[PDB]
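Structure first, commentary second.
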Amino acid sequence: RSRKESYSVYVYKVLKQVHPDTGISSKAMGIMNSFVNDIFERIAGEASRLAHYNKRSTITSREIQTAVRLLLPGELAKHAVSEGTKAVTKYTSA
Amino acid sequence: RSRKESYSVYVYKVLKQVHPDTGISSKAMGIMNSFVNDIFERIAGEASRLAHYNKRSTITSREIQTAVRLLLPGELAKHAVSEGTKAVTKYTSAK
Amino acid sequence: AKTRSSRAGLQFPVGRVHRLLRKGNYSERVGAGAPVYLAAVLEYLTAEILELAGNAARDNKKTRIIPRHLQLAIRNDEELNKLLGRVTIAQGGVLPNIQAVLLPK
Amino acid sequence: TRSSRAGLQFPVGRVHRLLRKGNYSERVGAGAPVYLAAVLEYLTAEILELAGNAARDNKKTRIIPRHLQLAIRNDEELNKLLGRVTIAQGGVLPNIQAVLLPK
Amino acid sequence: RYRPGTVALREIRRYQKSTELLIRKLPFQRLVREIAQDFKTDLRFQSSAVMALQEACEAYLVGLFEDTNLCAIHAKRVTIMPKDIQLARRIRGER
Amino acid sequence: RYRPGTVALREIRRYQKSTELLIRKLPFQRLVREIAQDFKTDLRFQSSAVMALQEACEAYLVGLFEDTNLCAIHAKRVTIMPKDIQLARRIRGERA
Amino acid sequence: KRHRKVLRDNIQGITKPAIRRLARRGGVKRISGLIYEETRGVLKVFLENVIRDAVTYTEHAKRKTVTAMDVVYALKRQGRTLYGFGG
Amino acid sequence: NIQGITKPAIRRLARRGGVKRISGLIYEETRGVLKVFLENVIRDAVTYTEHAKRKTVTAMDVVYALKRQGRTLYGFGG
DNA sequence: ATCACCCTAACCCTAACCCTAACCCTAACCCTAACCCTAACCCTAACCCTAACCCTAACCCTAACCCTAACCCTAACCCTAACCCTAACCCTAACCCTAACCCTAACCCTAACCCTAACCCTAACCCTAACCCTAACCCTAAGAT
DNA sequence: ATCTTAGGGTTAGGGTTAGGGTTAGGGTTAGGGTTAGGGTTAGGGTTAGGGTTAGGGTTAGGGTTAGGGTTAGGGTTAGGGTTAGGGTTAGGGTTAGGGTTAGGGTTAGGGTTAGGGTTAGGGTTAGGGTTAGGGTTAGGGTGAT
Ligand SMILES: [Mn+2]
Ligand SMILES: [Mn+2]
Ligand SMILES: [Mn+2]
Ligand SMILES: [Mn+2]
């Protein structure tokens, strides 16, 4: 056999923080896994293009940030760009 | 300054083949350059995905093959798959 | 903290995302903060969805979120609907809407 | 030249370099740039053909973007392939709905 | 006996409010195997792949009905006609 | 004096069989620079970038008129109305 | 171990009641009689376009079995991205 | 400047689109729809300019924004 | 406008089946050390844009009229919804068996690594035809006798 | 149709700019050879998909009455179209300033490579809770009296 990757462990963790009584179906977890994978490649691909356009060999968090600003709306983008720079800042501290 | 790449040399050569008694404007050459670049990316990207889906680390002419089948129409796709395998075959003959 | 996710205050895997960015052919090199920023953007969006879905599950008297609750959450938001506009949630159904002209006199 | 070895006008060497530089995959096969330069050359020839013929019917020798648009939108396959594309300075195909025609 | 458009309105709410598939699994599985074999023979279909196709189809058709209905309402009607399906697909870029 | 819809049909043929831009370059360049100031101040525009924007706009609007007209004809009309532009954009996936 | 059976006319398997249900979910009150065939035509086109690419993926993968992923990749190509069957 | 896109300039674009009769309400609705289109394109074009650390919005930035919007433009160095 | 009956909705609990919380083991993430080429400075060339003048002249704009499209209502069939019953065939959980996928073992060559060499194509300059820009024409229907 | 009316396509002449034919040399592709691993071999497990039995009850097909949505008529109103002349404003025409973009030189450091280490998370088995499905429950609004 072969091992199969999944964001299920994290979708469960994040579900408990938000609704600690609320559970998730196997099909709904599949829909959540498809959502994470789609948005991962949407952002990664846009950042891959940004790095290319500006003759740069690397994808830094600056490429991720402008990719977010291009793909998601200001409100959702505004809060994701916030939540993002925050985690980056905290990572640089430790 | 900086060097600017272009498919103009080749669009001229190929134009000479179909219509030697015909020319091309600077704007129309830009439209042809945008066309080649778009289709280049379209095929290359689809082949990049095919290689990836099948856990392969190389884009071979087989990936270009199926990308063209997916991207181009049955007719245009039929003639592109033909001219493609043809040029590959001819290249294998001559070293 | 030993995991990169713990250093950043994230639930989403910073280490895994960094591996997928390299193993996905997006660029020659991947910055140190790019998987951290990305795992955070993905974690935010999943929390944002899970929130509205748990709310739709609680309205339907259910304990567990099924794909119907996910669809209801997506299409009832303006931004989630726009973001997932050309996406199809399997087993999601449609939002209940009957045009006013089709209503009885 | 690798293009001469394949009977092509399009640059086999350049296409091979753009495939590895463009971040499409770890490695690029020997025949992939050859097949690709050929598909690009074919499509260019297919367009140039119908565009030259459009200039032939408008008393011109040089192909302008109008001739390119006329060639694209008059074909069924070129129109479908370039369906979500806009040719700058191309204009539209002349078509007036039958209902808008005089009584 | 219910008036014309009373069971119709009950049906709309009954189905919009649910998620179950609206085409039977076997007639649809035959149609899938027919289309796919007519095109490439000796083919096998994963149980899931057929369901992925069925979900896609129904979701598409329901969305097509949505736009079609908006076209009937646009031309002061309540019943969907082929000229509405055609207009919806024309504007959708399916032609 | 021409009948209603005789100079209109002449205009359609005049413009369809033509490629020149139908919006004056300066009113358009002002609108572009105005809209840009809302996203970022101290902005410069390449001559070509403005033209790229103008071509894109007109090509879009002409295509939008095409679908709009088909909506007017669908509801037994000859004149385009806002409810036709709205129906075109809604089914195009720009509206709802 | 021998041979299969002939597959023919299965577009009629997408019955008039099955088409009615899809119209109801789409919020349709009155359904013309001509619709039932026009829908069958349009469904056939959709299925052809999706299965053609799905099978093109299967053939590239050197497989005889069209997987859920092939149908998923085919849908993303058609711009009808589907959530829930992997990917 | 939104009024600079005049009623006669809008009528020419309707003629190219094959339009015989043009309602009076149209001229305003078109102005609204053009403003939305321009906002969406320039917003992304400028987002590209800002990422490039530039003050001048290039033809390429407008091209990349159009490709993002699915309104791909041929001829401006794309 | 008052009653009768058909519907969803909602109670009951019994009902299976799916979720999740246990288990443990397998692999992917983490640490750490040399490792180099990208990207960071630095300055500064040379670009291209904006600012601000001019002269009409193509084009925008208000208001001159009536043409006919949109709109409404009314009334013409006739198309499509609603009801019923019959027997299919879809669904059901089984049954199997092998073709079809794929693990994982072994080895070869296909690809990438370096450089230096010819060789193609960019960036330039220049001229000259192709197309532009004007006038006066035939052709062609446009509107009304 | 047959009468005058517009106008836009038609030829022809002589203007202006840009295809595209030229130049040299920068930098790209190409052909030497070394080296490592990805993909091609053969294989066996082993899943999983196709087809086979088996039953029944949901769900479909097909003709019924007639209800009302579709589309026909003409007739009311005025919305946009045409024509026009007053006149704003866009369009080249052609100057210079200097912030902007960025070429290219130094220096550092961030991201890559490396294998042993270890934790998370993939797969697994398993009880009980949420959901499922079959029973009546009144309320509810539909649609004839
Ligand atoms: Mn009625
Ligand atoms: Mn008026
Ligand atoms: Mn480091
Ligand atoms: Mn697990």
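A note on labels: chains of the structure tokens are A, B, ... as shown, every chain counts residues from 1, and ligands are counted from 1 in their shown order.
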Worksheet item: Which residues of chain F are close to chain H, meaning at most 6 Å apart when you count only C-alpha atoms, and how do they look as JSON, numbers by chain?
Response: {"F": [8, 12, 15, 16, 22, 23, 27, 31, 43, 44, 45, 46, 48, 49, 62, 65, 66, 78, 79, 80, 81, 82]}
Chain C residues near chain F (10 Å cut-off, only C-alpha atoms) as an mmCIF file with C-alpha atoms, in the first residue's frame:
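Now in out_12.cif:
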data_model
loop_
_atom_site.group_PDB
_atom_site.id
_atom_site.type_symbol
_atom_site.label_atom_id
_atom_site.label_comp_id
_atom_site.auth_asym_id
_atom_site.auth_seq_id
_atom_site.Cartn_x
_atom_site.Cartn_y
_atom_site.Cartn_z
ATOM 1 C CA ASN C 81 -19.317 32.782 -2.621
ATOM 2 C CA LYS C 82 -17.093 34.999 -4.844
ATOM 3 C CA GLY C 85 -17.721 31.002 -7.414
ATOM 4 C CA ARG C 86 -16.631 28.519 -10.072
#
Select the residues contacting ligand 1 at a distance of at most 12 Å, based on only C-alpha atoms (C1' of nucleotides) and all ligand atoms, then format the selection as a tab-separated table (two decimals) with N, CA and C atoms (P, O5', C5', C4', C3', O3' and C1' of nucleotides), in the first residue's frame.
chain	number	residue	atom	x	y	z
C	105	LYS	N	-50.80	34.21	-6.67
C	105	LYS	CA	-51.48	35.49	-6.52
C	105	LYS	C	-52.25	35.62	-5.18
E	4	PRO	N	-53.08	24.21	-11.10
E	4	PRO	CA	-51.80	24.16	-11.83
E	4	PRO	C	-50.76	25.15	-11.30
I	74	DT	P	-59.50	45.07	-20.10
I	74	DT	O5'	-59.86	44.03	-21.27
I	74	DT	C5'	-59.90	44.47	-22.63
I	74	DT	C4'	-59.86	43.30	-23.60
I	74	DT	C3'	-60.77	42.11	-23.27
I	74	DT	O3'	-61.60	41.83	-24.38
I	74	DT	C1'	-58.58	41.38	-23.84
I	75	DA	P	-62.81	40.79	-24.26
I	75	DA	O5'	-62.31	39.57	-25.15
I	75	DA	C5'	-61.46	39.80	-26.29
I	75	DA	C4'	-60.88	38.50	-26.82
I	75	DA	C3'	-61.78	37.27	-26.63
I	75	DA	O3'	-61.84	36.52	-27.83
I	75	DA	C1'	-59.64	36.88	-25.65
I	76	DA	P	-63.01	35.46	-28.07
I	76	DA	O5'	-62.21	34.21	-28.69
I	76	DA	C5'	-61.59	34.33	-29.97
I	76	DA	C4'	-60.25	33.60	-30.02
I	76	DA	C3'	-60.22	32.22	-29.39
I	76	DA	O3'	-60.77	31.23	-30.24
I	76	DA	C1'	-58.31	33.41	-28.70
J	67	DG	P	-61.28	23.55	-15.18
J	67	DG	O5'	-60.09	23.97	-14.18
J	67	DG	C5'	-58.91	23.13	-14.07
J	67	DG	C4'	-57.61	23.93	-14.16
J	67	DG	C3'	-57.72	25.42	-13.88
J	67	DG	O3'	-56.65	25.84	-13.06
J	67	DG	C1'	-56.97	25.06	-16.14
J	68	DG	P	-56.65	27.29	-12.41
J	68	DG	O5'	-55.75	28.14	-13.44
J	68	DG	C5'	-54.36	27.86	-13.55
J	68	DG	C4'	-53.83	28.19	-14.93
J	68	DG	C3'	-53.66	29.69	-15.22
J	68	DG	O3'	-52.35	29.91	-15.71
J	68	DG	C1'	-54.66	28.60	-17.00
J	69	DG	P	-51.22	30.53	-14.77
J	69	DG	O5'	-49.98	30.67	-15.77
J	69	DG	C5'	-49.24	29.51	-16.19
J	69	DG	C4'	-48.90	29.56	-17.68
J	69	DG	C3'	-48.18	30.81	-18.17
J	69	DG	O3'	-47.17	30.44	-19.10
J	69	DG	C1'	-50.18	30.51	-19.40
J	70	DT	P	-46.21	31.52	-19.77
J	70	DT	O5'	-46.56	31.38	-21.31
J	70	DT	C5'	-46.87	30.10	-21.85
J	70	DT	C4'	-47.41	30.21	-23.26
J	70	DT	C3'	-46.78	31.32	-24.11
J	70	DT	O3'	-46.36	30.80	-25.37
J	70	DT	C1'	-49.14	31.46	-24.17
J	71	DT	P	-45.44	31.69	-26.33
J	71	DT	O5'	-46.51	32.51	-27.21
J	71	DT	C5'	-47.34	31.82	-28.15
J	71	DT	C4'	-48.45	32.72	-28.70
J	71	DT	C3'	-47.98	33.95	-29.48
J	71	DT	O3'	-48.55	33.94	-30.78
J	71	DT	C1'	-49.66	34.52	-27.88
Tell me which protein, DNA and RNA residues are within 9 Å of residue 60 of chain G, counting only C-alpha atoms (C1' of nucleotides), leaving out same-chain ones fewer than 3 positions away, and put them as a tab-separated table (two decimals) with C-alpha atoms, in the first residue's frame.
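After the write, out_31.tsv holds the following:
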chain	number	residue	atom	x	y	z
B	50	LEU	CA	0.48	15.86	-16.18
B	54	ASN	CA	1.70	10.84	-12.50
B	62	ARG	CA	4.47	12.37	-24.21
B	63	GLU	CA	3.38	15.10	-21.71
B	66	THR	CA	-1.48	14.84	-24.19
G	55	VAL	CA	-10.12	9.41	-20.55
G	56	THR	CA	-7.24	11.46	-22.09
G	57	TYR	CA	-5.84	11.58	-18.49
G	63	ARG	CA	-4.37	2.93	-17.26
Discussion item. Please list as JSON, numbers by chain every residue within 12 Å of segment 52-60 of chain D, counting only C-alpha atoms (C1' of nucleotides) and excluding residues in the same chain fewer than 5 positions away.
Written reply: {"B": [14, 15, 16, 17, 18, 19, 20, 21, 22, 23, 24, 25, 28], "D": [44, 45, 46, 47, 65, 66, 67, 68, 69, 70, 71, 72, 73, 74, 75], "F": [17], "I": [130, 131]}
